[PDB]
Every structure is written in structure tokens, then in C-alpha cells.
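Have a look at the structure below, then the notes.
Numbering (the deposited numbering), first residue to last: 1 to 96.
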């Protein structure tokens, strides 16, 4: 329910590589290789209680160049398990 912009350093690079790896498993456009993550990187924090504040998890929304094409990837991350899932991977999209 709450959003912020985060940096595009190693953490974000790694998330984008995760997205590329997960997309390559479903392979609905051949096999891709990670080039770069670009700004902006959005991080949504999902809370138990619009009001109350235990964090349930997150979503990251990234712009990722892979095999020279620009994609929008959304990744969920569960707060308790720390487990991540590729939610969607759409593109080519225009540059933000």
C-alpha cells in the first residue's frame, strides 16, 4: 500500500537477474541475457493494516534491458520467508 523509489545498485541488479532467470524458465520469448537495470526502480511495501503496520511483503517494479530489449518486470518478496516470485515480465516497453 506504500511506494518508494530505490537505487539501482547491486541489490536491484540481482533482482533483475532473478527476473531474467525466471522468465527464461517459462520462455515465452526465447532465452534472454541480462544487460542493465535502469531507473526508476519502484518498491511497494504491503502492510497488514492501512492503519496498522506489520509488513506482509514487497513488490519491486523494474525496467530491465535483456538481450537489448527493455522489459518491465514485477517481482514479489514475502516478508517472512524472504522468497521471491516473478509476477510479470512485459515488453518491449518504451523507455521511462
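Yeah, the Cβ is synthetic: ideal placement off N, Cα and C, and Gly gets one too.
Residue i: first and last residue of the uninterrupted alpha helix (DSSP H) it sits in
i, result
"residue 26", "10 to 26"
Residue i versus residue j: straight-line alpha-carbon distance, rounded
i, j, result
"residue 66", "residue 20", "7 Å"
"residue 44", "residue 83", "16 Å"
"residue 74", "residue 40", "13 Å"
"residue 58", "residue 12", "13 Å"
"residue 28", "residue 76", "20 Å"
"residue 49", "residue 10", "31 Å"
For residue i, the first and last residue of its enclosing beta strand (DSSP E)
i, result
"residue 70", "69 to 78"
DSSP state of residue i mapped onto helix, strand, coil
i, result
"residue 45", "strand"
"residue 93", "coil"
Inter-residue CB distance, residue i and residue j (contact presumed, cutoff 8 Å)
i, j, result
"residue 8", "residue 37", "5 Å"
Reference residue i, options the options, closest by Cα
i, options, result
"residue 62", "91, 51 and 52", "91"
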